[PDB]
Structures are given as C-alpha cells and as structure tokens.
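# A look at the structure
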Amino acid sequence: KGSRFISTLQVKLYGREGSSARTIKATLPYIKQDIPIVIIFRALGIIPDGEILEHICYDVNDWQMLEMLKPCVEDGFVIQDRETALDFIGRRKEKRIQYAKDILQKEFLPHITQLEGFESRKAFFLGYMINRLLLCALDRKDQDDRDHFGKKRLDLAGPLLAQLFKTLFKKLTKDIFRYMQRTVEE
Amino acid sequence: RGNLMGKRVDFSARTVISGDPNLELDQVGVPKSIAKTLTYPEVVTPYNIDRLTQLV
Amino acid sequence: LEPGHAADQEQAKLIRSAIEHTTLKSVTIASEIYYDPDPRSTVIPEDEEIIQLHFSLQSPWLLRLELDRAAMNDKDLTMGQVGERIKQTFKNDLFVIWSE
Amino acid sequence: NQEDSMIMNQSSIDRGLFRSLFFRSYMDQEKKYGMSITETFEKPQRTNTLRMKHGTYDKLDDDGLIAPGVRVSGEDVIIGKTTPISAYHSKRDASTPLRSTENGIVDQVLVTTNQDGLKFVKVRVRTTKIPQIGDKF
Amino acid sequence: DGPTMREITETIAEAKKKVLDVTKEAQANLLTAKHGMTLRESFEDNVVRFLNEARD
Amino acid sequence: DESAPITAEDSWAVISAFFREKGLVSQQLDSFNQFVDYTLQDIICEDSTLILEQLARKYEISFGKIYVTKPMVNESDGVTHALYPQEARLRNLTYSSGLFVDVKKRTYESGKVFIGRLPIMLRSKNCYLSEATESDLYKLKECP
Amino acid sequence: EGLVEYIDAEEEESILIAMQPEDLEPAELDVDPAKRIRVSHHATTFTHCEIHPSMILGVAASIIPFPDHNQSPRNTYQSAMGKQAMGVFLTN
Amino acid sequence: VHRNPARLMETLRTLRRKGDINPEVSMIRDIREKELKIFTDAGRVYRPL
Amino acid sequence: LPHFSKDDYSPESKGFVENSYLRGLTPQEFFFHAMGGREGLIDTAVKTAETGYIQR
Amino acid sequence: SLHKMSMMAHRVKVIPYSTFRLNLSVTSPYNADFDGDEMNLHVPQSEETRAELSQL
Amino acid sequence: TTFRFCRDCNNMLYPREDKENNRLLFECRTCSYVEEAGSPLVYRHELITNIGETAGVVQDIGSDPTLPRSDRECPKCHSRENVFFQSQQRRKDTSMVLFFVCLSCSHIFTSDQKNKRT
Amino acid sequence: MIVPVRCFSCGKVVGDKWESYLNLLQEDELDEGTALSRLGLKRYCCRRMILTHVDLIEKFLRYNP
DNA sequence: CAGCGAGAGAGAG
DNA sequence: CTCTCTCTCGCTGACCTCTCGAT
RNA sequence: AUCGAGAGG
Ligand SMILES: [Mg+2]
Ligand SMILES: [Zn+2]
Ligand SMILES: [Zn+2]
Ligand SMILES: [Zn+2]
C-alpha cells in the first residue's frame, strides 16, 4: 500500500563466538552507526531494563539468552530516558530527537505500521527479531535458508503491469499538475 | 581478444555431421554445394593447364 | 611414524596427543563464577571435600570448572596435568586447586 | 546408425512421412518520412532505383507485390518498395529479398493499413520439407 | 531372472536391516565415534557405504 | 455407495473437473482479471487528489471509478470499431482497451476523460473471446 | 463443500500428506514380483492426500511416456526437445 | 497473541472450507514454534490437495 | 518430503531408490532422482565455464 | 576445440548429400556425436599452408 | 544463574559484597534497594549445554501430524502413545538421541541409557 | 491432417477404409481392433496409420473463409 | 570472490 | 615510538553456432 | 547497429 521500495532492518550480534563484549545492535535506516537495542527500546518508550528483556525474551526460564542480553543492558544503563536515546541518533538538539521520532514512525518496521502510538507493537517485533538472532546464536535453531519456496514469491503479469501502471499514472498526474501550475487562466 | 586473437575467416564452412562407415578415417565427406562454394587459388602450370582449362 | 616404528598404535596415539591442540575449552563442560566467603569453607559440598583432601589450604570469588571425563580420557592429559598447565600459565597471579 | 544416428526407410518417406509444411512470412510497411514524403510500393525502376538488390524483379508484379502461386528461390524479390531520396537514381531500393536458402511457393500476400495509416504487406511463402539426411529426429 | 531378482531384493532388505540397526544403536546413544568425527558424521558414512555396497 | 472411498482412477475425474473449471493458463488470466477489476481502482484512489493552493484558493481534482472499454481501436481517420485478436495480429496493431476515468474537478476557497489505452490479455473477462462460443471462435478465426 | 483445499509451501510444512488414497485405507504377504517395491507409509496421521502423484510433473514432462522408468536427465532433455518438435500448433 | 489456538484453528479451517475465509489464504501454525502465521499474500504457489 | 514423517533418517526418506528402472520408480524416488539430475546438469554447464577459464 | 586433436587435417572427398561425413573412429578425438553436432571445415589457400596441414 | 532486578523499578541488580560479614547481596543502581543473595553464583557459563534438547513441549505437540509416533512406552504413566523427535538443538556436534514425549501425563523419556538428567 | 493414402512401411492403401471404419465402430459399437481386422489391416503398421491418425481437416473446414 | 594493495593502526617489541 | 604485522575495503576478471524480437 | 530473448551442440 505504501511505496514499494524496501527499508531493510539489520540486527546483528557483535564479537566472535568466543569473545567478551558481545552486543546486539541494530541499524536504523537513516543512521550512520548501529545503535544498541536498549537505546532503541528506550527511544521506543520501553524504559525498564527488565521490561526490555521481557520484550526480547518471552520465557522466564532460559538464563542463557538473558545473560547474552546483559552486556547490552550495560550499554543501556548509560541512557535511562527516552529523550537521550532519541538524542544519540544520527549525525549533524530537540531537532535531533525529532528526527529520531520521525524515523521511528516511518523508517523502522514500516510494514507493521507507520502511524504514531504503535511503538509498543514495533518494540515487540524488534524483541522477536533479537530472540531469533539469539536462538541461532544459541544453536537451538538453525539459520533460515533463502531457497525455501514459501519464502519465494512469483510475481505474475497483473502485479507487473500494476507497478508500471502506477508509475505512468503518477507521471501523467504530475504532467496534468504542471499544466495547471503553468496557466492561471486555463 | 575478439578481433586480433580470433578472427572470422574467409574460406570457412560448417555442417551438421553424420558418419560414413565406407569413408576412410583421414578423409572428410564434403557436400557438393560446399565444395562448389569454396575455392583454392592454383597457379597455372604446364602440368595443370589442361585440367584447369576443363575445370573452368 | 618414526622410522622403524610401525604397528605402534599407542605411539601414534601419543604423537596425536602431542600434535593435537588441546584447550581448556575442549575439555570443559562448564564454567561457574561462585562467591565463597571463606577460603577454608566453600559453599559447594564437593569443593569442601576437595578442601579436606589437601590439608594445606586472595579473593572470596571462586571460578569453578567442570570438565568431562570422556574427553579427558580421549586426551592424554591427566586432570592434575591440566591443573598444572593452568598454574604455570597463571604465573601464581591466580591460585588453582585440582580434584583428583 | 552409429553415434545415435538413424536410418529411415526411403520408401516410407516417399509415402508422406515426417513431411512438414514450412511457412515463412515476410513483412514490410510503407515508411512515412513525414512532410508529405512517403516510401512507395511499386516494382522498382532500375534507372530510378540505386543499389537495388541483385535479384529477379520479373516475378514481382507492377504493384511491387508478388502474387500467390509464384515460385521464388534465392534472390527473387518478394516485396518491392522504393525510398525517395532528397536527380538521377532518385529512388533507393527498399525491396525485400527472399532469404537465400529458401525455395518457396507464395501461399498468400496480405496488404492492409496500420493505425498510423501506412500500408503493410505480409508475404507468406510455403515450402514442403521432406526428411533429408542429417535432419534432427 | 526371478530367482536373481529375489536375491537382489533380499540384499536390499539385508542392507536396510543393517541401516535400521545402526540407527537404533545411534538412538540408544551406545555408539563408537571416530576421533575427530561427529557421531552423526560416522552414522552418515556407514549408511551411505551400506547402501552403495548393496547397489553394487 | 456414496460413502465408499475413492480409488486412484476416481482421482483423475477430479483432475478433469479441475481443468474444465480452470484450464491450463488459469493463473495468468486470474492475475490479469484481478488487476483489471480491483487494482486499477486502488491505483487511482491512491494519490487520487492533487491540489495547489494560494489563499491571497485550492484546486482539487478527484477521480471516480475507472472504466475499461471492451477492447477496440479507432483507425486513424476512421470510426472507432471493435478490434479482434485475429485482426489485431494480422494488422500489427496492439490489442487495446480504453481507460476512461470519471473525473470530478472542484475549486476550494466533466464527462469521462480517457486516460489511456491498456493492452488486454487474451481470454480475459474484458476480451471478447472469453464470452464467445466455440463456433463464434471459429468465425472470429481464433482457434478453439 | 470443503472436500479439497489449497496449500501454500509454508502451509505444506505443517501438513502430512499421502500420495495414494489406498494407503490411508487401513492395512492389516504375497505380491507380484514385477510391481515396483513401495515402502508402506508407516505414518499414522494424514491431514491430506495427493490428488495424483503425476501432477508434480510439468506439461512437457507429462508428455514423457514413462519418466518413472527412465533417468531424470533424459526427461529434462525431452522436456526441452519436445518444444522443438513439429506439430499442428493451432487449427487457425 | 492468542490462547487455546487449536480451537481457533479448527474454526478458521472450517471457515475456509465454507469459504468465508478465502480459499487462497494460507494459515500456518507450528505448535513447537508456538507461532501462527496467516498469509493473505499474493504470489504464493499453492497446490490442490 | 511432505509425505514422509518428521525426523526420518530412514533410507527411503533419505533418497535411496530400491527400485530398478525396469520395475518403475515411486513418486518420491523420482523426485529425489530429479534433484540429483538437476545438480548434475548445473554441475555440467557451470563447471565447464570454470574449467575453460582454467584452460585459457 | 580443447585440443590440437580437435583441429585435424582431412582429405577432401565430395559426397552427394548435405551432411559432412567423417569416419566412426575419428569422432573420439573430435568429441563428435552424430546427433545434431555441427563441425567446421577450413580450406588452406597457399601451397606452404597446405603442406603444413598435410605434413603435421 | 537467576537474574534479579529491584522490585520498584525493574532495572537490573548489580552484585555487591559486604566485607565485614563477608556476604553477597545485589543492589540496583536506579533505587538504593539491596537484597541478600539466595544462591552464591554470580555467573554460569556452559561450554556444552544439554538445554534445548526439549524445546517448547506443549500438550498440543501431541496433536501435530508431522511428528512421528513411537512404538515404545513411558515407564511413568505407562502411556503407549508418545511422540519422538531428534534433539532440537542444532549443533556441529549433536547426539542422535531420540527424545520421546508422552501424549498423556507429559512425561519426557530420553532414549539414551547413559544419562537420566532432566 | 487427412487420412493417409498408404501405410508408410508397406504402402498398402488405407484411404479407402477410413470412412467405412469410422462408421463400423459407430454402427456396431465395435471395438477398434475388430474394425481394423475387418478392414484387413492385419499388419500393425497399416493398423497404426488408421488408429493414430487424427482428422484435422474437419476443424479446418469449420473456418468460414 | 579473493586479493594484493596501499592505507591506516594499535602493538609488541 | 614505531614500523609492522593486522586489518582493511577495493576490481577484476572470468567454446562456437542458429533463429527471433524489439529499439 | 544496439540491447535483449530463445535455441543447438
Ligand atoms: Mg549434436
Ligand atoms: Zn530500582
Ligand atoms: Zn507418561
Ligand atoms: Zn503396413
């Protein structure tokens, strides 16, 4: 329904498998440096650290996932309020925070929703992604494969015509608009 | 690569190939149209003058 | 194998043990960070039995390593040898006791 | 029959077996230069037409369009069109040669007008192809 | 031949029975793993070898 | 006997009925048919209105439902006449349907304009051949 | 009526299907030697059953007489070659 | 999220069989996964069964 | 395959085709043979490209 | 054309029909298969060139 | 290693040692609240984990058609229906040890003879 | 497209039989094999030319031109 | 898809 | 300190033959 | 021409 072109969100776990300072960090679509998931959750509004971990992890029992999460919580203790999390966003004041908020509404998980006040659903999905990353890291689950046919979608003639038709219709409407701007009289 | 290393060549022909038991291993069976199309320059000699006259 | 040594399966096993890089990670089931207030008295019953085993004896914090028997048997190293290796790598900046 | 070759009964081929009508359609349209200048479909005039193809126009009718039933092979010109040039040899040949390998009998010729208005001609030549040594089966 | 066909089917069956016995042994976890070789790796080699030898 | 289960031979009857209902190329036609029936309306309803405003005011152009003509062509310097696929292929002319939108223009303080000619998939609902009988198809010179 | 259903690949992952209707029918032995040896499905629960196995095959493959009795590469070669093969393309 | 997912899945299946749920739309539940993904999406090849 | 049960390392699921070409192949067997043949054709063309680069 | 064997001099024999004809044996160095394979013939245009093809 | 947070704010507790009585107790940074430590383990690292051998065991797992059903029977409730699966953990080194889960009574009985740990 | 005159292998004329053959299988509800035997196409080649042939001229005849 | 290559970059002399 | 071995993000390349379309 | 697509070994 929105613009067809894609925003791709990456959440990655830094460090070799046998290392200290393993961090789970996600790239915002418009931001140069991957920000820690805790900072994203704080800008999202999920401030409590246990609440962030509960968003990420849906089972109280498993200790290992929480232990991997703890270093990222250590990055998160430095920024305990949403305003500062939005502050440390991008490169260039309240303008920076505002840019962060607009990015959060439209750029990050646009497919769930691009409207405001749906930040909690986006945060739950982000925690689901972090959980998937950890399950692959835990080796409890294997990495997803690209070859699976259910992941493959075959565009037929109708959709292919639809993309060009929308492009041509946009160009023709734009042309009609140029004519209207050109002449006040007719 | 496409010109200096390798060139399209005059006096070149190509055909679908089938094999003849009677035809000898060294020889090649060339269709009559191919043989007519392709030419070899031969300088006229006292030896070949009669043959070449009749060929022409 | 060395010249004149064939059918020496155990010599090949010793050679294999020597060449094969073996790390504490390979033999360790688990690493545990415990807090033991008293060097003499450990919260772990097993560690208390080990403390009893040595009449001879810093930080209260303890690192507890559990290592698999079968991998230790596949490897040439004895448990005392493993604890040894840890000790001379540590320089005595850290103090190690090994179970039998 | 060696190396996947095959032997086919000449008697069974003489009676129609594996015989294929091959139809080839050649198309040319009048090309409008604009400014009231148009390519013309006519049998070319040798003095008027420069660099004409070395093929027989005798099969070609007055109109520059061949007629069904004519036998054409090699360089016989199936479609005849001339291009005005911006005064001797004023026209330049747009005639369409038949492809060199084909022998054919003209099945049909279609002349129509396209959406812009230019004249279209499509010449369908008909040959019958009989199994010959080396044809893939 | 029918008799030979029955012998072929019986060979296939004997290889299949050996495969299920090795699978059961793996399931029992009472198995000998080659050094530097995962238990699954060894199981895969044994089954592959059994089936290949049976076909031959 | 209704309660008795099917056999493998009975399955082929289900396959037969499936193919009489759908046909081999059913997927292509279904995609094109959906694109005509519903996608065009959504395409125009998205970004439907385009407004410039100067208070010193605003001019709005909204779009009603798209209408797709049954495919036909107007010969240049000729009357608009129905185009049929056999004639289209012989003509070297594109099979084409008119695209007309009801357009409503308002000024903030006109018939059906024809936005363009869209190619039509053969055997589409919009194409005549889908409705036509086999004998009609023979007359139309498109093979049954 | 709900007798037949449409399954996506992702939906196919959740389901367990049977190639043949007869296999779902309970089986409690002599056999003709020539018929191909088929393992009993050994599976308790079947959500669905395939309409016919032959439908996995494409159109050109469906033309091949006995692809089951031949090497699959040959079936691919013929599926390519049959498009080259001459025939009556249409009555018109 | 939802609880008692099997009852909802039986209802959804019966709805598809009736046809109120689109026959095309594909609903997948994996119990061990504890996930249910419903796809109204186009471009998925389906097989009749 | 969707017909096979989960976690089946049995030879039929793993793709060993007991039946001969003469006997006929079960649908699962045919699909597995098709996987192998597809790998073969891919191997053919792409590995010829690699080998020709080597040869040059 | 993997080999010098793939390009070999042959003695012309002119045949009626349209296919190039070659002996059954000479297929193996050529990698020739009589189904639809197409082979190329080049004609020398100089006496020295002809001698090079014939002698080597 | 159970992880704890201060009750009031749910931010993560930090370990703390009182030297005079040699006792370990966890204190939150956000709020001065501190609590004694029930178990004296700051951290546990398992190089090898048997965890995840049984993943997401639900009653509803008994219903799934894909999972196979075993011949064998659980000693505990003596159910005959049971569903057996290979270990969910996907590892470079994995044991082909079947884990059988009861359909009735929710008893999980590992095939392996060597280890009986839960 | 039309009934072949003769079986390719032998050359035995088969064009005389076809019409009758069709009528026979319809007239008596006879199986195709008995009809071919009454026709006298005892060799399976002469049999093959009639059994395998499809008469496309009817479809061509349907086109009005 | 190495890569071998200039260009950093702590780093263990 | 430093010049160096370590770690980079680049570019760079990867058998003919025959139709047919478009521009 | 250019670009593409298909095909044969
Ligand atoms: Mg060939
Ligand atoms: Zn607190
Ligand atoms: Zn039980
Ligand atoms: Zn005959």
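The rules behind these values
- Residues numbered from 1 in each chain as written, not as in the entry; some residues may be left out.
- Chains lettered and ligands numbered in written order.
- Part of a larger assembly, values for the part shown.
- Heavy atoms only, no water.
- Residues with missing side-chain atoms left out of burial classes, pairs and counts.
- Helix = DSSP H or I, 4+ residues; strand = E, 2+ residues; numbered from the N terminus.
- Rg over C-alpha atoms; globule rule 2.2 N^0.38 Å.
- 1 Å grid on protein atoms, 1.4 Å probe; cavity = no way out; pocket = protein on both sides within 12 Å on 5 of 7 lines; lining within 4 Å.
- Points joined across faces, edges and corners; volume = space filled by probe spheres on them.
- Contact = heavy atoms within 4.5 Å.
- Buried area = accessible area lost by both parts, 1.4 Å probe.
- Polar contact = N/O pair within 3.5 Å; in protein donor to acceptor, adjacent residues only side chain to side chain.
- Nonpolar A, V, L, I, M, F, W, Y, C, P; charged D, E, K, R; others polar.
- UniProt positions renumbered as here; feature names shortened; annotations may be inferred.
- Salt bridge = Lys/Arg side-chain N within 4 Å of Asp/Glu carboxyl O.

Method of structure determination, per the deposited record: X-ray crystallography was used for this entry, reaching 3.40 Å resolution.

### Here we look at the overall build of chain C
Check the secondary structure of chain C and you find five helices and two strands. Counting from the amino terminus, helix and strand elements in chain C follow one another as α-α-β-α-β-α-α. For 100 residues, the compact-globule formula gives about 13 Å, and the C-alpha radius of gyration of chain C, at 17 Å, lies well above that figure.

### Remarks on empty space enclosed by the protein
Here the largest cavity defines a volume of roughly 40 Å³. Lining the largest cavity are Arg 32 of chain H together with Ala 55, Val 57, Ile 61, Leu 67, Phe 85, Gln 88 and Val 101 of chain K.

### Some remarks on the interface of chain D and chain J
Tallying the contact residues gives eight residues for chain D and 11 residues for chain J. In terms of surface lost to chain J, no three residues of chain D exceed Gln 2, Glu 3 and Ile 133 of chain D, which account for 62% of the buried area on that side. At the boundary of chain D and chain J, one finds four residue pairs in polar contact. When its residues are assigned to classes, the side of chain D that touches chain J shows one nonpolar, four polar and three charged.

### As for the UniProt feature "binding site: Zn(2+) 1" in chain K
The residues that UniProt annotates with the feature "binding site: Zn(2+) 1" are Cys 6, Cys 9, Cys 28 and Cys 31 of chain K. Look at the named residues: they lie 26 residues apart in sequence, but the longest C-alpha span between them is just 8.8 Å, so in the fold they bunch up. Within the fold, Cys 9 of chain K resides in the segment before β1 (13-18). Excluding its chain neighbours within four sequence positions, the residues that come into contact with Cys 9 of chain K are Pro 48 of chain A together with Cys 28, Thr 30 and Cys 31 of chain K.

### A short note on the interface of chain J and chain B
In this complex, chain J contributes 33 residues to the contact, which on the side of chain B involves 28 residues. Carbon and sulfur atoms make up 55% of the surface buried where chain J meets chain B, a total of about 3000 Å² over both sides. When the buried surface of chain J facing chain B is broken down by residue, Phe 20, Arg 21 and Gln 45 of chain J rank first, second and third, together holding 24% of it. Linking chain J to chain B there are three salt bridges.

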